[PDB]
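Ligands are counted one by one from 1 in listed order, and the atoms in each one are counted from 1 as well. Just so we're on the same page: letters track the sequence lines, and every chain starts at 1.
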Amino acid sequence: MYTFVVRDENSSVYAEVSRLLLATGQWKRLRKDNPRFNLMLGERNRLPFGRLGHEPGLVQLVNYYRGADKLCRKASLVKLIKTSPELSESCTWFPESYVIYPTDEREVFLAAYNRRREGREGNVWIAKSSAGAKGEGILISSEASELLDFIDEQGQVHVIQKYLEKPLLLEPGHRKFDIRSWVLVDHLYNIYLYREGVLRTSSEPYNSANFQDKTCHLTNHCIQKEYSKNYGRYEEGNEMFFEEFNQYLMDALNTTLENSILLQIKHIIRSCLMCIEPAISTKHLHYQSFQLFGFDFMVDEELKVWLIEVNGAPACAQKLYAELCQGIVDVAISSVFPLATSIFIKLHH
Amino acid sequence: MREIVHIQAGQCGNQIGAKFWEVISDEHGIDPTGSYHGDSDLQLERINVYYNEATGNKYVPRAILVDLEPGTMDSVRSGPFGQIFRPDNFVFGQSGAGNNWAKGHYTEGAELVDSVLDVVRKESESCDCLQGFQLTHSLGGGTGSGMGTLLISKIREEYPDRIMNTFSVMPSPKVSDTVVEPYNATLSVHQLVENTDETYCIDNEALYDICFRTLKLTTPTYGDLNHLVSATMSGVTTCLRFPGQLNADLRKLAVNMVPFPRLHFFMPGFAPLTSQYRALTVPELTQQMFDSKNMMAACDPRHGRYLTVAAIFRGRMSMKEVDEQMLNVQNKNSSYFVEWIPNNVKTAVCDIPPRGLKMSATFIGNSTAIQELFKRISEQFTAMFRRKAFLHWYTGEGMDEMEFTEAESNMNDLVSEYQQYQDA
Amino acid sequence: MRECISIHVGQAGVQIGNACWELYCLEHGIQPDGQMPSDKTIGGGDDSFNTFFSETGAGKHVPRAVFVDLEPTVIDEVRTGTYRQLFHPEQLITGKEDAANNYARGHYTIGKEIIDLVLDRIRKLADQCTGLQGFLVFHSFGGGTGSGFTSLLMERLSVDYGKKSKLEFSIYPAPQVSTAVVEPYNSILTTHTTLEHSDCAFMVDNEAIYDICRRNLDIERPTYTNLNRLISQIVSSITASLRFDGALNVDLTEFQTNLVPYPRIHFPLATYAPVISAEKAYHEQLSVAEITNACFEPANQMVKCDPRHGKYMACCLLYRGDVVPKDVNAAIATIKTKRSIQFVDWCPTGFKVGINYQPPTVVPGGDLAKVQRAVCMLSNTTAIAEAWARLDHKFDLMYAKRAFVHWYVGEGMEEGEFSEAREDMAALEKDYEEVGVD
Amino acid sequence: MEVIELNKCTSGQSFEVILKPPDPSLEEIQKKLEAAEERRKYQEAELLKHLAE
Ligand SMILES: Nc1nc2c(ncn2[C@@H]2O[C@H](COP(=O)(O)OP(=O)(O)OP(=O)(O)O)[C@@H](O)[C@H]2O)c(=O)[nH]1
Ligand SMILES: Nc1ncnc2c1ncn2[C@@H]1O[C@H](COP(=O)(O)OP(=O)(O)CP(=O)(O)O)[C@@H](O)[C@H]1O
Ligand SMILES: Nc1nc2c(ncn2[C@@H]2O[C@H](COP(=O)(O)OP(=O)(O)O)[C@@H](O)[C@H]2O)c(=O)[nH]1
Ligand SMILES: CCOc1ccccc1/N=C(\C)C1=C(O)C[C@H](c2ccccc2)CC1=O
Ligand SMILES: [Ca+2]
Ligand SMILES: [Ca+2]
Ligand SMILES: [Ca+2]
Ligand SMILES: [Ca+2]
Ligand SMILES: [Mg+2]
Ligand SMILES: [Mg+2]
Ligand SMILES: [Mg+2]
C-alpha cells in the first residue's frame with residue numbers, strides 16, 4: 001500500500017488525481033503534515049524540497065520540479081531565453097521581450113523601439129507581469145512612454161513584449177485565440193505531450209485600430225466570459241478542441257494541425273525543457289519529481305507559432321480532466337509505485 | 001559498571017521474580033548453584049549487570065526478596081534455583097498484609113521496610129556504578145502493592161537520582177483473588193506516577209486470555225501466566241544483558257522513551273506465542289509483535305496513539321529484512337503513531353536467541369491506549385467507593401476516606417492527561 | 001612548524017578519532033608501537049607530520065590528541081586496541097556515567113565536574129608545543145556528551161586559547177543508525193552555543209555515509225566501523241595539508257580564509273570520490289575528469305542536499321594520487337559547461353586546488369579498494385542550509401508539545417534556552433537565505 | 001580561465017584557477033554553570049520536602 005499527502009487544496013487537477021488514487025484501493029491519504037508519505041502533491045509556493053528523501057526506507061515523489069519556476073515566471077523566462085545559448089538572444093519563436101523594474105533593460109528596450117518607430121514599423125507592445133492575475137495588469141500600446149509610466153504605477157516587476165500585430169484569425173468572426181498544450185515530465189525526464197489541447201478563443205472581432213477594448217485582444221477564459229457579450233456563440237465556453245481546429249485548417253487553409261502548428265509546438269516544448277534539464281533533473285537525487293506544465297502559444301497569419309508563457313500549475317479543460325488525470329497516475333505516479341494505446345506523445349531527446 | 005539492583009515484593013512479585021532469575025540464569029549459563037557452565041563468553045560479557053561475582057567463581061543474583069509472610073519465600077528457597085540467592089537477601093515478616101494496601105504501606109510494611117533498605121544499601125554499596133533498580137510486584141495485593149510502593153518512595157529518598165523501573169501486574173476481575181484489588185491498584189498507581197521512570201503494565205486478564213486463546217491451555221494457572229511474564233522480562237532486558245547494538249544505561253533508555261514524566265506506563269508484548277518447531281519468518285515476527293493479541297496490558301493500541309515504540313529482535317536473522325518489515329507495519333499503522341515525535345519507532349537486534357526459539361521479538365510500547373487500563377481500574381474502584389464498600393479494612397489501619405478520594409482524582413487526571421495527547 | 005591538537009568527545013568522536021589516527025599512522029609509516037623508521041631525527045621534530053605527532057627520546061611518535069568520554073567503555077577499546085601503545089594514559093579521560101543523550105546533563109551537570117580536568121590534560125599537550133595553531137574537535141551532534149560537553153569545552157577553549165583557531169568535525173544525526181529520539185534538541189542546543197566559538201565546521205550526515213556504504217561498498221547493513229573508516233578517509237583528505245609538505249591549507253587559519261567569508265556561515269560541504277568496494281574483483285580506474293565530475297553528484301556528498309539550488313562562496317579541490325594541474329583544469333572547464341555552478345556576486349568564480357602525489361591509503365582488510373587518484377571537494381554552498389531546515393523542523397514538532405523538555409529542565413537547564421537556541425537557528429537559516437536567493 | 005599561485009614541491013602542487021572575477025568571560029561561564037547547579041539543588045530540595053511531607 002502507498003501513502004500520499006495533499007498540500008494544495010486549490011488544485012483542480014490533483015484533487016482529481018487524489019480521488020483516482022483512493023479509488024485504486026492501493027493508495028492511502030495521510031494528514032498534510034505527516035512526513036511518512038510516498039507522494040507529495042505539494043503547495044504552489046515554498047514547497048519544502050529540502051525535507052524530501054530523508055525518511056528512511058520511503059521512496060518519495062513530488063509533483064513539482066524544484067527550479068521549474070524559471071520557465072514559469074514571465075520575468076524569469078525572458079532572462080532564461082536571452083542568456084541560455086541553447087535558446088539565445090536570436091531565438092526565433094519567442095517575441096522580443098524586455099524586463100523592466102519600477103537587471104533592467106529599459107535603455108535597451110527604448111533602443112530597439114527607436115529603430116522600430118523611426119523605420120515606420122509596427123510598434124505595438126504589451127506590458128505584463130507575473131504578479132498580475134485575472135488579466136488586470138495588462139497594457140497594450142504603441143507609445144513607449146505610456147507603457148513605462150504604467151509600469152511604475154504597479155509595484156511588481158514587468159515584462160514588455162512585442163505584441164503580435166498579425167495574429168491568425170478564425171473565421172467566421174475575425175477573432176483571436178491562443179493554444180494551450182499540457183506537458184507532463186516524469187521522474188526520468190521523459191517529456192509527454194498530451195494529445196489533446198485546447199484553443200481559448202475570443203468571441204469578439206479582432207480590432208487592430210483600438211487596443212483600449214482589451215476583450216478582442218485578450219483570450220483569457222475569465223475575460224471572455226466576463227466582458228464579451230458574444231461569449232459561447234461560436235463554440236461552448238470559447239474553447240475549441242483539436243478535432244475541430246484541425247478540420248478548420250484543412251477546409252480553409254488546405255493544411256493540417258500536425259503540419260502547420262504542432263511540429264513547432266513540439267520543437268518549442270522540447271527546447272525549453274531540455275534547456276533547464278541540467279538545473280532541475282532529479283535523476284540522481286534522493287527524491288524524485290514530476291510536473292505538469294501548461295504551455296501557451298500564439299499563431300500568426302503565416303502559421304508561425306510563438307511561445308507566450310509557461311504555467312507551472314495549470315488547470316485543465318473541463319471535458320479533459322478524466323483522461324489527463326488518469327494519464328498522470330499512469331505515467332508519473334504508478335511508474336514509480338506500481339499497482340497490484342497512449343494519450344501522450346513522447347517528445348524524444 | 002552498570003549494575004542493576006533487583007527487588008521482588010509479595011506473593012506475585014516473588015513468584016514472577018523467581019521465574020525471571022530462572023530464565024536469565026539459563027541464558028547466562030549459571031546453574032542452580034551459581035556456577036557458570038556455559039559455552040560462550042558472550043554469556044559473561046555483561047553478567048555483572050544482574051549478578052555479583054563471589055569467590056569460587058560463583059555468580060549471585062543482585063536480588064532482594066521481600067514479603068510480609070514467609071510462605072512464598074520458603075517456596076522460592078525450595079524452588080529450582082532457590083540456592084542461587086544470597087540468604088541475607090531474604091527479608092520477611094510473619095504477619096502478612098491481608099491483601100490490604102494500608103497494611104503494606106502504613107502499618108505492617110512500615111515495621112519491615114528499614115531492614116529491606118539495609119540490604120538495598122549493602123547491594124548498592126558494592127556496585128561499581130549502580131545504574132538503577134527494578135521491582136517486580138502486583139498492584140492488587142498488600143505487600144507487593146502497598147509495601148512495594150513504600151519501598152520505592154524510600155529508595156527515591158535515599159537515591160534520588162537513580163532510575164526506578166517496575167514490572168507491575170495489574171489486577172483483573174477475571175483473574176482475581178479479592179474484591180479490594182481495585183482499591184489497592186488505584187492507591188498504588190499514584191505512587192508509580194510520581195516515583196518510577198518506567199512501569200511495565202502487565203494485565204492479568206491479558207495473560208489469561210493469551211494462555212487460553214493462543215496457547216490453548218484450557219485451565220491456566222498462575223504458573224502459566226508467570227511463564228509469559230518471565231519470558232517478557234527476559235526479552236525486555238536482553239539489550240542490557242548481552243552485547244549488541246544498544247550501548248545505553250537505564251537513564252539514556254528512559255530519556256528516549258518517556259516524553260512526559262507521568263506518561264511512563266509501558267505496554268509490553270513478545271512473539272512468538274504458539275501452542276511449534278516451525279520457523280518464524282521476519283514478516284511473521286514483526287506482524288505478531290504489533291498485534292494486540294501478543295501484548296500484555298489488555299489495551300487495543302488502535303484505540304490510542306504511540307508516543308514511542310521500541311522492538312528487540314533476538315536470533316540470527318537479516319537486519320535488512322527487519323528494517324523493511326518495520327517500515328511495512330508503520331505504514332499500515334500510520335495513524336497510530338504521533339507525528340510530532342519524529343522517528344519514534346526504534347529497533348535493536350541481539351544475535352543470541354532465548355531458550356527453545358531460533359528467533360523472537362519483544363515489543364515495548366508507550367501508547368496512550370494504556371488509558372483504557374486505568375479507566376477499567378477507576379470504574380471498578382468507583383463502583384465500590386460510591387457505597388464505601390470494604391473501606392473498613394482500610395480505615396481500621398488508620399486511613400481515612402479523603403486519601404481514597406485523592407487517589408481517585410489522581411487516576412482520573414492521569415486518564416485525562418492521556419486523552420489530551422491522543423487528540424494532539 | 002605549528003602543532004595541532006585533536007580532541008575527541010563522546011562515543012562518535014572517540015571512535016572516529018581512533019579510525020583517523022590508525023589511518024594517519026599508515027599514511028606516515030608509524031607502527032602501532034609508535035616507532036617510525038623513516039624519521040631519521042630521533043626525539044626531534046619540525047617536520048610536517050610533527051604538527052600531529054610529538055616524539056619521545058625513545059623515538060616513539062605520540063598523537064597530539066585528547067580522548068574524553070563521560071563513560072569508559074569506548075575509550076577502554078582505545079586502551080586495549082591495536083594502537084594502545086601510541087597513547088599515554090593521561091590522554092584518555094573517562095567518567096563513570098554518561099550524559100544519557102541529554103545535552104543539559106553533558107553541559108551543566110557532568111561537564112561542570114570534569115571540565116577543569118579536561119583543560120588540564122589539554123594544557124599538558126599545549127606545553128609541548130612551540131607554536132600551537134589550535135584545535136580539531138570531533139563529536140556527534142546527537143549525544144549528550146558529544147553535544148553538551150563539547151559546547152562547554154569550546155567556550156572554555158575560547159577563554160584559555162583566545163587567539164587559536166578551532167575546527168569541528170561534527171556527526172549530524174540520522175535515524176537509520178540512531179536509537180535516540182531527542183537528537184534534534186541536542187543538535188540545535190550545541191550549534192547555538194558553539195556557533196561563535198567555531199571557525200570552521202565540517203558536518204557529516206550519518207545518512208549520507210550510510211547510503212554511500214550501501215551503494216558503493218555493497219554493504220547491506222553498514223556498522224559504525226564501516227562508517228568511521230569512510231569518514232576517516234574524508235577527514236584525512238581535509239587534514240592532509242596540515243601533515244604533509246604543501247602550500248594550500250597549511251595552517252588552520254587558512255581554512256577560514258579560503259572557505260569562510262562570513263563567520264556564522266562556516267559549514268563547508270564535503271564531497272568525496274571515488275568510493276570503490278575492495279571486494280569488487282574487476283574495477284576500471286577513474287580519470288581526473290571522472291572523479292572531479294563526481295564531486296558535483298549529491299550521492300557523493302557528506303550531507304545530502306542540492307547545490308544547484310544554492311550559491312557557492314568558496315570551492316576547494318583536494319586531490320590525492322596521480323593528478324597533474326593540466327587535467328584538473330581540463331576537467332573543470334568541461335564541468336562548468338555542463339553543470340549548474342553559481343557563485344555569489346561578491347566572490348570570484350574559482351577553485352583553489354591542492355594536489356598531494358601520494359594516493360589514498362586504505363586500512364588493510366577494510367572495505368575500500370585502493371585507487372590511483374581521489375579528490376575531496378570542500379565547497380561553502382548555501383545548499384547545506386537544507387540540513388538546518390530539516391533539523392529545525394524536527395525540533396519544532398517536538399518542542400511545540402514540550403516533548404522530553406522535562407529531562408533537560410531536570411538537569412538545571414531553563415526552558416528559555418530552547419527558544420533562544422531555536423531563534424539563533426532561525427537567524428542562521430535567514431542568513432543562508434539572504435546569501436543564496438535572489 | 002586563469003591559473004595563478006602555482007607552488008610545486010616533491011609531495012605535490014597547489015594553484016588557483018579563476019573563471020570569473022566578482023566572547024563570554026571565564027567568570028560568566030562559571031555563573032552559568034553554578035546557576036544551573038542551583039536550579040538542580042532547588043528542584044531536589046522540593047523533592048526531598050515532598051517526601052518529608
Ligand atoms: N558515524 C558515527 N556516528 C556515531 C558513532 N557513535 C555514535 N554515533 C552517532 O552519534 C549519535 C549518538 O551520540 P553518541 O556519540 O553515541 O553519544 P555521546 O557523545 O557518547 O554522549 P552520551 O549521551 O553521554 O552517550 C547518534 O546519532 C549515533 O548515530 C560512530 O562511531 N560513528
Ligand atoms: N505578445 C503578444 N501578442 C499578442 N497577444 C498576446 C501577447 N501576449 C499575450 N497576449 C494575449 O494575452 C492573453 C493572456 O496573456 P498571458 O498568458 O501573459 O496572461 P496570463 O498568464 O495571466 C493567462 P494564462 O495563465 O492562461 O497564460 C493571451 O491569451 C494572449 O491572447
Ligand atoms: N500473574 C500473577 N499474578 C498473581 C500471582 N499471585 C498473585 N497474583 C495477582 O496479584 C494480586 C494479589 O497480590 P499478591 O501478590 O498475591 O498479594 P501480596 O503478597 O500482598 O503482594 C491479584 O491481582 C492476583 O491476581 C502470580 O503468581 N502471577
Ligand atoms: C532508546 C531506545 O531503547 C531501545 C531501542 C530499541 C530496542 C530496545 C530499546 N530498549 C529499551 C527502550 C529499554 C528500556 O526502555 C528499559 C528496559 C528495562 C526495563 C526494566 C528493567 C530493566 C531494563 C531496557 C531496554 O532495553
Ligand atoms: Ca506489627
Ligand atoms: Ca536504622
Ligand atoms: Ca623526528
Ligand atoms: Ca574565538
Ligand atoms: Mg499565467
Ligand atoms: Mg496472594
Ligand atoms: Mg556515550
Leaving waters out, which protein N, O or S atoms fall under 2.8 Å from the Mg ion (ligand 9)?
A/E309 OE2, A/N311 ND2
Please list, in number order, the atoms of ligand 3 under 4.0 Å from a heavy atom of B/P171.
23 (O)
Separation of C/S151 OG from C/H107 NE2 (nearest 0.5 Å)
4.5 Å
Atom 9 (C) of ligand 3 has as its nearest protein heavy atom B/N204 ND2, 3.7 Å
Contacts of A/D296 that satisfy salt bridge (charged side-chain N to carboxylate O under 4.0 Å, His left out) - sequence neighbours left out:
A/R180, A/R200
Among all protein non-hydrogen atoms, which one is nearest to atom 21 (O) of ligand 3, and what is the separation to 0.1 Å?
B/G144 N, 2.7 Å
Quick test: of every protein heavy atom, which one is nearest to atom 17 (O) of ligand 3, and how far off is it to 0.1 Å?
B/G141 CA, 3.4 Å
Apply the test salt bridge (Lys or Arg N to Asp or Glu O under 4.0 Å) to residues C/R79 and C/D76: give CA-CA distance (whole Å), side-chain angles for both, the deciding distance (0.1 Å), then the verdict.
CA-CA 5 Å; C/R79 297 183 169 120; C/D76 277 352; 2.6 Å; yes
For atom 22 (C) of ligand 3, the protein heavy atom that lies nearest, with its residue and separation:
B/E181 OE2, 3.3 Å
Please report which non-hydrogen protein atom sits nearest to atom 16 (O) of ligand 3, along with the residue it belongs to and the distance in Å to one decimal place.
B/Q11 OE1, 3.2 Å
Specify the protein heavy atom at minimum distance from atom 15 (O) of ligand 3: its residue, its atom name, and the distance to 0.1 Å.
B/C12 N, 2.8 Å
Do side-chain atoms of B/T136 reach the backbone of B/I16 as a donor and acceptor pair under 3.5 angstrom?
no
Counting heavy atoms only, which of B/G148, B/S138, B/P182, B/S145 comes nearest to atom 10 (O) of ligand 3?
B/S138
Can you list the atoms of ligand 3 that are under 4.0 Å from a heavy atom of B/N226?
1 (N), 2 (C), 26 (C), 27 (O), 28 (N)
